[PDB]
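Undergrad:
In this note's numbering, the protein residues as written are 15 to 123.
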């Protein structure tokens, strides 16, 4: 029926032409799935999460990951972390797969 999903990515500041976005967009655009993905910072993550469903944080973080996880814990929201390998490799399939997995799983705390 009329349904879809939204995945948020924390790494870039909403720039054009992205590796992860490209791959993921390709797999999805090819599989013909009703889903969307966007990339933004943490500052606008709380404003977008209000509508989004699942959130994903990129590797390499000193305090960013600290606050994020520290906020997600109490917020009780579906947050996934990208492995250094998966990230550096830019595995769109693995990305969208993980996001959807957590979404359906609906886990908290």
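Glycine residues also receive a C-beta, built at the ideal position from the N, C-alpha and C atoms.
1. Would you give the residue range spanned by the beta strand (DSSP E) that residue 98 belongs to?
2. Taking residue 84 as the reference, which of 123, 40 and 44 has the closest Cα?
3. On the criterion of 16 or more Cβ atoms from any shown chain inside 10 Å, does residue 105 qualify as buried, or is it exposed?
4. The beta strand (DSSP E) spanning residue 95 covers which residue range?
5. At the level of alpha carbons, what is the spacing between residue 33 and residue 88?
TA: In short:
1. Within the chain shown, numbered from 1, the residue matching residue 98 stands at position 84. First-last for residue 98: 98-103, but that is the alpha helix (DSSP H), not the beta strand (DSSP E).
2. Position 70 of the chain shown, counted from the first residue, corresponds to residue 84. Out of 123, 40 and 44, 123 has the C-alpha closest to the C-alpha of residue 84.
3. Within the chain shown, the letter at position 91 stands for residue 105. That one is buried.
4. The residue labelled residue 95 in the question sits at position 81 within the chain shown. Taken as a continuous stretch (DSSP letters only), the beta strand (DSSP E) holding residue 95 covers 93-95.
5. Locating residue 33 in the chain shown gives position 19, where the first residue counts as 1. Locating residue 88 in the chain shown gives position 74, where the first residue counts as 1. Between residue 33 and residue 88, the C-alpha separation is close to 32 Å.
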